[PDB]
Amino acid sequence: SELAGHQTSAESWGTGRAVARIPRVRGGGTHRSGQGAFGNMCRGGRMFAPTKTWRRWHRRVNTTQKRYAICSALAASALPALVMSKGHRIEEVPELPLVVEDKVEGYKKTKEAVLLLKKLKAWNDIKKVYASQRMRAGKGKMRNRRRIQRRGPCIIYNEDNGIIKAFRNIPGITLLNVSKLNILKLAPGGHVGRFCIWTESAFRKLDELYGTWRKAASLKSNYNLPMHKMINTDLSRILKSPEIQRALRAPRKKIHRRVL
Amino acid sequence: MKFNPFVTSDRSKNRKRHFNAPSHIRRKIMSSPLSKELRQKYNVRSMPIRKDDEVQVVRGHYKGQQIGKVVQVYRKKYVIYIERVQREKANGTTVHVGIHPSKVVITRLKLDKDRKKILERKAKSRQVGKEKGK
Amino acid sequence: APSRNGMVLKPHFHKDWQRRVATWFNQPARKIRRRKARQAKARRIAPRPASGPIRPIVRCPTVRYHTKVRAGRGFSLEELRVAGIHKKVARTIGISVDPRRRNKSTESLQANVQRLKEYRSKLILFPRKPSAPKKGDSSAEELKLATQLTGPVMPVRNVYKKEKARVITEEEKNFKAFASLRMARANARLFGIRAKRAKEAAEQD
RNA sequence: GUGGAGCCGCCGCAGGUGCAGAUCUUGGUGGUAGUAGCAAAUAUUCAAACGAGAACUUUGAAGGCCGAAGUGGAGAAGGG
RNA sequence: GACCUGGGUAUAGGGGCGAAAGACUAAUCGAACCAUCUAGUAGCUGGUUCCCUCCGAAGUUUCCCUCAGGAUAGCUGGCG
RNA sequence: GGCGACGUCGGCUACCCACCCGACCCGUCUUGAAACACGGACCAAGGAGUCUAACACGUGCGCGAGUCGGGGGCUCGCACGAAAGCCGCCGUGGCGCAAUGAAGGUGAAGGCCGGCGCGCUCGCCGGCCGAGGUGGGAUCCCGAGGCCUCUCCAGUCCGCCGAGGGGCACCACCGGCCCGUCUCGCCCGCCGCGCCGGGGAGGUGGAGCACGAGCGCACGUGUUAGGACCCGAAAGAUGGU
RNA sequence: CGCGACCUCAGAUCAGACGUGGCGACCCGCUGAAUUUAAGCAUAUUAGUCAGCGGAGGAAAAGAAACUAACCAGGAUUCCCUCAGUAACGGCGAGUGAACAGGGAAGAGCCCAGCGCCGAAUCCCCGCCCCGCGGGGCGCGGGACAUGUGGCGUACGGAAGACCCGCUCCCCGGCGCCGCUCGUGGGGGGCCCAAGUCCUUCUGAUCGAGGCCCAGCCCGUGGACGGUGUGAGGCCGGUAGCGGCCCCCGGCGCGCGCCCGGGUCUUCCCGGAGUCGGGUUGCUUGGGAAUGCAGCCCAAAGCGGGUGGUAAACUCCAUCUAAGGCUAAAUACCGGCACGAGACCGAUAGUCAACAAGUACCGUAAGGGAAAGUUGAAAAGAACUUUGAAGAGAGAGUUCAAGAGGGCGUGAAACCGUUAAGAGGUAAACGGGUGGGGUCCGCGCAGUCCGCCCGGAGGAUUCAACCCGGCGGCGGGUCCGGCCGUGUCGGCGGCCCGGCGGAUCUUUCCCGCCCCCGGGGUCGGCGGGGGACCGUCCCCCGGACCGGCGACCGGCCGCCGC
Ligand SMILES: [Mg+2]
Ligand SMILES: [Mg+2]
Ligand SMILES: [Mg+2]
Ligand SMILES: [Mg+2]
Ligand SMILES: [Mg+2]
């Protein structure tokens, strides 16, 4: 409520007649004769600190963090655990960077779409999207967003030649260009590891577009890929090495409970 | 999926067109599909219903194999009346109970100078779309 | 109301400011509006260049910025005269003309003239019909393209000296010192009083 | 047990986010209570009718009152 | 009779009008009413909505048109 | 080890009652409330520490002597796209890396050796280096000596190691250095010998140096300005009936 | 004394045109307070803002320097980013507070008076016809303007005129159209894919299940809405450089109208007055010894005048030409017509108004101003019979449901009625403590232990052991193939058919030039191109080391099902 909520003209009684000192409306006649005027307390009144249109809605993240997160989301679709346990059924599928040839971008009819995802054993995810054809919890149904629908995979591509015309009807699936990506699409709802189907011309461009650690990338053009904070991350292989257990004391497993 | 900006997606307005329609739009939303035997003869899918198109009622309380002609089309209540389906009052008087015409199958149409021309164009504007597969 | 160690503050909010607020909730919607005002103007005119005419070479006018070079407003009006082109065909050739501009040095004159005699050399015009009064053949066999972007001849190209490697000579590593700046200040602010005592020298007769 | 068409858990995000009070605000309901009250200017009574039903209506007979600066007969203004 | 009364007209807020009481000016007058600036300011009263667990005080110094308040230290907690 | 059903056995909930003991009515100001201090008939729903800017500090993340695209530009005529992506001869620019002064202006390195001009407290020269020293200072290194089925022959080791060395961060001090003034003082330099520049040694003033730590973003707390936690006047002003 | 001009002024229901009111969010001009802040209050703050008044527009205003600058000079206005919360102002308190640079959006410049020349070469009107739409043009004759100055050329970057030289002969409107149109200009109407197929549930399906080796069908069409409840396929519609139509939109091409530009030298012309400035007074601004603007007075000048941020005098230098005018764009929008969307509100919320809301109602008037959404899928709204004057009951009926009965979804709490159970002298209620009673709950009823192993008792099936066959897996292993890390280089291997980068290099390399006398001296280079060296990345063979989440080969041990 911007400012107007105060188009009711009134004043306080100003004396101790027997009512509260809240502003009361004027006149007579109708039922809005001596009722409560504006104030947050009263019926038909104004609200406490009526919200403004200049609340700071839009947020900045500096782009070295916008690129640190897009590297850490593509590097979480590689591991099978971070992409099965997000919820994608990638049980029966082959190799986790699924890579198909550049001939897939000639597809302009969606019968060729469905036989693609069936033959890669990845249709068993879209069949799970059809389980999410519910309707919205709460009161979204009158703010016109109704059918809750789980996302399926994404198809990540470049040099669009028809692939957007063939997959945009399949329910719950996404496309995104491999030059103009989206951390919203790669890591939906915060949980990392959305399942993805790649393309030869897209799976190769990332080495120019993010790089390796050996060189700077040639398309982000002043970037270098992030530096790994740990050398060996498998500490079960670390702490079972004889260079460590040469210097440890002992175990100490006697409990020594309380003696009466 | 809607791509046009110039057409809606909301519930607040599509209902508001749906109840506050004009009348010439109103016959368009009150159609009934053609029967299986007749959607091969004219190969057209749906026709705006009128006063003489005889009909069996398929989905509802009075279901199937009761071919009878329509008698009166309440456009105000989006409801047809058929002279076979009836329901008695408490008085013993008969009145027609009404049904929404998307739950209704035309077994046989009516033809005039207009319906020869409408069934021309509604059949013509299908196989033009078949010629886009070159 | 002031408390432990902090900042004295003067915020300018005592004036009523809740009426004169200007939200930028349309600053995307103006960018997609003024790209259409270019894209339906880049193709609307011609294979004449977008990004305006050829702009001059101009040096920035302060102690802070006189080491760099800026795109300016127009050829001053003797560059049109030195390069030998009439002043009211110059803006329909496609060269921008600034009428009131001075020039007082050849060191910044010639960088415009060298640009200007090179522009017309890298220019082709179209005939009405190919009678071609002062035009050669077909313009480069249909000119290889249509349009440029963001400046015809790249208006900055801020260029620098090399001075690759030298040898210290004797004088050079002796003289040009701190005392070559002090007395430059100690004379140029004492230039007038020392001539005032050189007015008193005459009346001693 | 009613109800008749939508709802919840979990990881995160965002709030016009939690009521005993403000002679709070709107709305509702008791206790008081079948209580206080229906007391300015004298006054009604009998029979008949219409009626499902009469102290209060009509009709009669009697008793009365205002009493010509009217508790009468007519207008202005206002009421429509 | 310096009498009472109907309608017409005139005089409007720091102004009308007064045989004078600060009376009267649409139940409002030691300054009318209506709307906005305005949600005007308040060292002043009234209120300030869930649970557990840990720690847990102060009414004194100095100065102020300060004595119903604030600053400063004191005392407290959280973070290390 | 013992006892026992077709109505019995256990068990309580926001259940009733009886009894004993305990028990003044709740919010609020207040040194003090059950108050003969105020508000409260009952019930439902509404109903009060918000948002924006600025700052400060703590924490979290990214990059790091740099960081930041917030503004424009680029991508096809895309619903979710008012998103996201990129620019870098788009770094202009902010804040930081450089302080002091009123201002003109000026603007942060000493150490060790040797040789010397009366080595004369003044001073001149080359060389090696290079952030000065004192006392504490976790940690790390050397570590005499000891410690295993018999005494002599040796190995990586381990554990207890007396003393000693290098010394992070920091804390106190002494010195140095930069800038502002003040006392004393002699010398040098020449785009040209002057009410010209430069320097010295002491003592003070400074938000300085002494191998830099900042910017961006997000969150919390606090303070201010905005109607500013909600409610409240007697007024005041314009413009009207 | 009449007559005739011309100047002043009037008259007309004369002929023909205009203007007046509405709106007001945005824009332009005036006028313009007080609350508040300062813990008081006068200056200051609030703010040159609300109110008041007058104007127009789809934008308006602003605008082509009487500018910023003080150096290697920038060059209309407007807008955005900074400069900046800085300079400055202020009981130097609270507070207020710009601009120039710089970067981008946008980019468009011109005319007139005058000065001087052209025989008024100019405009208006009336009438007739040239001849044409939906109307106006250039003809021709009348009348008026106008010499107190119309039109052409001209505008301060100069311009004219006289040459002289070498070029060149145009544009623009309408007219008819074809050929187009970037989302393929705009509007309008009208159409464009696929299951109601089997079984099942229901008041009703849009439910749950199902569909051969193509996964039942369509997908550029799984947005959405209504349908008797939850729909890609039942129907409107969505997608689509999908279609067919009807009108309108800019730009080929004949008849018209307009119609010598440029440079060089020589002469000539060259500018806005009760205004600038100055004084004094008020308002205002950051403008401070007066920024703006106004009143009043005195009132200019031509090498002049304005400005250059501390008043005055002198001198020097810079820059612009004021007192006349026009102008699209980038830009502001909370009223208007249409729209689209929403991490919103869900009927005491959202605007006051989801409904017959600025309505009912009040006030003499200015003005103040609410309440109030929901039966069902369908009215199928209770026919008919009984009682009563009727209200209202009882039956019957409709519906899955009247336990949905014409403010009818759900129907809470207070409260009241009634039934039952309980108890009742210190008003009731409460906390601790058991006891009594009642409701329901389980175990379940002297009828509950549950699995593990062993020994007896009878009962019915076939492994396992080994061995063969068998495909798979674990753990080693000559790492033989392949492998990849890091340093050593070499083939310079692709450098002259390599990647990016480099204020590393080269005045015998290649263009446009200055310095010096038709040339040259590198004689110093400058604007620019290669090719040499490094710095990092690409194969070869060669080396190391691990064959490591980098995997397979065979052979071995020891598992595993069939
Ligand atoms: Mg709910
Ligand atoms: Mg109490
Ligand atoms: Mg007043
Ligand atoms: Mg309500
Ligand atoms: Mg009840």
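Conventions we followed
Residues numbered from 1 in each chain as written, not as in the entry; some residues may be left out. Chains lettered and ligands numbered in written order. Part of a larger assembly, values for the part shown. Heavy atoms only, no water. Helix = DSSP H or I, 4+ residues; strand = E, 2+ residues; numbered from the N terminus. Rg over C-alpha atoms; globule rule 2.2 N^0.38 Å. Buried < 20%, exposed > 50% of the residue type's maximum accessible area, 1.4 Å probe, protein only. Contact = heavy atoms within 4.5 Å. Areas by Shrake-Rupley, 256 points an atom, 1.4 Å probe, with all protein chains shown as cover. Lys, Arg positive; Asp, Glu negative; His and termini not counted. Charge placed at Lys NZ, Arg CZ, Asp CG, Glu CD. Expected span 1.5 Å × (residues − 1). Arc of directions from axis to C-beta. Patch = residues over 30% accessible without salt bridge, like charges linked within 9 Å, V, L, I, M, F, W, Y side chains within 5 Å. Salt bridge = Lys/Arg side-chain N within 4 Å of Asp/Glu carboxyl O. Near = heavy atom within 4 Å. Nonpolar A, V, L, I, M, F, W, Y, C, P; charged D, E, K, R; others polar. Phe/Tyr/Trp six-rings, centres within 6.5 Å; stacked < 30°, edge-to-face > 60°. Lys NZ or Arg CZ within 6 Å of the ring centre and 35° of its normal. Polar contact = N/O pair within 3.5 Å; in protein donor to acceptor, adjacent residues only side chain to side chain. Pairing = 2+ DSSP bridges. Axes fitted to C-alpha atoms, helices over the stretch in contact; angles between N-to-C directions. Core = buried A, V, L, I, M, F, W, Y, C linked by side-chain atoms within 4.5 Å.

- As deposited, the entry is annotated with cryo-EM as its determination method and 3.9 Å as its resolution.

Overview of the overall build of chain A
Alright, step 1. Each helix and strand counted, chain A has nine helices and six strands in total.
Alright, step 2. For chain A, whose C-alpha radius of gyration is 31 Å, the value lies well above the compact-globule estimate of 18 Å for 260 residues.
Alright, step 3. In terms of overall dimensions, chain A has a C-alpha envelope of 90 × 80 × 45 Å along the principal axes.
Alright, step 4. Relative to its full complement of 260 residues, chain A shows a buried share of 29%.
Alright, step 5. Taking the intrachain contacts of chain A between residues at least 6 apart in sequence as the baseline, contacts between residues at least 24 apart amount to 49%.
Alright, step 6. Carbon and sulfur atoms provide 53% of the accessible area of chain A, an area that totals close to 19,400 Å².
Alright, step 7. Across chain A, the 55 positively charged side chains and the 17 negatively charged ones have centroids separated by 16 Å.

Digging into helix 5 (residues 106–119) of chain C
All names here are of chain C.
Alright, step 1. The end-to-end C-alpha distance of helix 5 is 19 Å, a good match for the 20 Å that 14 residues give at a rise of 1.5 Å each.
Alright, step 2. Along helix 5, the residues that are buried comprise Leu-109, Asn-112, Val-113, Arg-115, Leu-116 and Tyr-119. Buried residues of helix 5, viewed axially, fall in a sector of 160 degrees; they line one side. Counted as exposed and oriented over 90 degrees from the buried face of helix 5: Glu-107 and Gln-114.

Looking at a nonpolar patch on the surface
Alright, step 1. There is a patch of nonpolar side chains on the surface, built from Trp-54 of chain A together with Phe-13, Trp-17 and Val-21 of chain C and spanning about 390 Å² of accessible area.
Alright, step 2. The class of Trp-17 of chain C is partly exposed, set by a relative accessible area of 34%.

Thoughts on the protein's contact with RNA strand D
Residue and element names in this part refer to chain A.
Alright, step 1. Taken together, 19 residues form the shell around RNA strand D, and within it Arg-24, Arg-43, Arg-55, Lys-141 and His-191 come nearest.
Alright, step 2. In RNA strand D, the atoms that sit within 4 Å of the protein are 51% sugar and phosphate, with bases accounting for the remainder.
Alright, step 3. When grouped by side-chain class, the residues that make up the surface near RNA strand D number eight nonpolar, five polar and six charged.

Let's talk about unusual backbone geometry
Residue and element names in this part refer to chain C.
Alright, step 1. Positioned with a positive phi, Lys-134 is a non-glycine residue whose angle comes to about 60 degrees.
Alright, step 2. Checked against the element boundaries, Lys-134 lands in the loop between helix 5 and helix 6 (179–188).
Alright, step 3. Judged by its relative accessible area of 74%, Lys-134 falls in the exposed class.

Quick look at the packing of aromatic side chains
Residues and elements named next belong to chain A.
Alright, step 1. The tally for this structure, following the rule as stated, stands at four aromatic pairs over all chains.
Alright, step 2. For the ring pair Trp-198 and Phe-203, a centre distance of 5.7 Å and an interplane angle of 75 degrees mean the geometry is edge-to-face.
Alright, step 3. Residue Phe-203 is classed as partly exposed on the basis of its relative accessible area, which comes to 40%.
Alright, step 4. It is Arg-17 that lies over the ring of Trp-13; its NZ or CZ is 5.6 Å from the centre.

A word on the protein's contact with RNA strand E
Alright, step 1. For RNA strand E, the full set of nearby residues is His-6, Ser-9, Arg-21, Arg-26, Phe-38, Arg-46 and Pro-50 of chain A together with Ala-1, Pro-2, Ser-3, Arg-4 and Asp-16 of chain C.
Alright, step 2. Of all RNA strand E atoms lying within 4 Å of any protein atom, the proportion belonging to sugar or phosphate reaches 66%.
Alright, step 3. Here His-6 of chain A contributes a side-chain N or O atom positioned 3.2 Å from a base nitrogen of RNA strand E.
Alright, step 4. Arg-21 of chain A is positioned such that a nitrogen or oxygen atom in its side chain is 3.3 Å from a base oxygen of RNA strand E.

Some words on the arrangement of the chains
Alright, step 1. No other pair of the two pairs of chains in contact has as many contacts as chains A and C.
Alright, step 2. Nothing in chain B touches chain C, and the closest approach of their C-alpha atoms is 15 Å.

Here's the deal with the pairing of strand 8 (residues 104–108) of chain B
Residue and element names in this part refer to chain B.
Alright, step 1. In terms of burial, strand 8 is a largely internal element, four of the five residues being buried.
Alright, step 2. In this structure, strand 3 (residues 54–57) lies alongside strand 8, joined through four bridges in antiparallel fashion. The residue bridging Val-55 from the neighbouring strand is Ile-106, located in strand 8.

Quick notes on the sheet that holds strand 4 (residues 154–157) of chain A
Residue and element names in this part refer to chain A.
Alright, step 1. Sheet architecture is open: four strands sit in the order 3-6-4-5, paired in parallel fashion. The two strands at the open ends of the sheet, each matched to only one other strand, are strand 3 (98–100) and strand 5 (174–177). Sheet twist, expressed as the average angle between the axes of neighbouring strands with direction ignored, equals 25 degrees.
Alright, step 2. In the sheet, strand 4 pairs with strand 6 (residues 196–199) via two bridges, with the strands oriented parallel. By the bridge assignment, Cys-154 is partnered in strand 6 with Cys-196.

Observations regarding the pairing of strand 4 (residues 68–74) of chain B
Residues and elements named next belong to chain B.
Alright, step 1. With two bridges connecting them, strand 3 and strand 4 associate as antiparallel partners. Counterpart to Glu-54 in the pairing with strand 4 is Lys-69.
Alright, step 2. Sheet analysis places strand 4 next to strand 5 (residues 79–82), joined by four bridges and oriented antiparallel. Within strand 5, the position partnered with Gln-72 by the bridge is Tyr-81.
Alright, step 3. What sits between the antiparallel neighbours strand 4 and strand 5 is a turn of four residues, in which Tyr-78 has the positive phi angle 55 degrees.

Digging into the sheet that holds strand 4 of chain B
All names here are of chain B.
Alright, step 1. In spatial order, the strands read 5-4-3-8; together these four strands make up an open sheet with antiparallel pairing. Taken across any chain shown, the strands that pair with only one partner, and hence form the sheet edges, are strand 5 and strand 8. In this sheet, adjacent strand axes meet at a mean angle of 55 degrees when their direction is disregarded.

Looking at the nonpolar core
Alright, step 1. Core analysis: the biggest nonpolar cluster contains 23 residues, and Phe-167, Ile-170, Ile-173 and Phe-195 of chain A have the highest contact counts within it.
Alright, step 2. Here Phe-167 of chain A is in contact with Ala-113, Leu-116, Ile-155, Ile-173 and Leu-175 of chain A, once residues within four sequence places are set aside.

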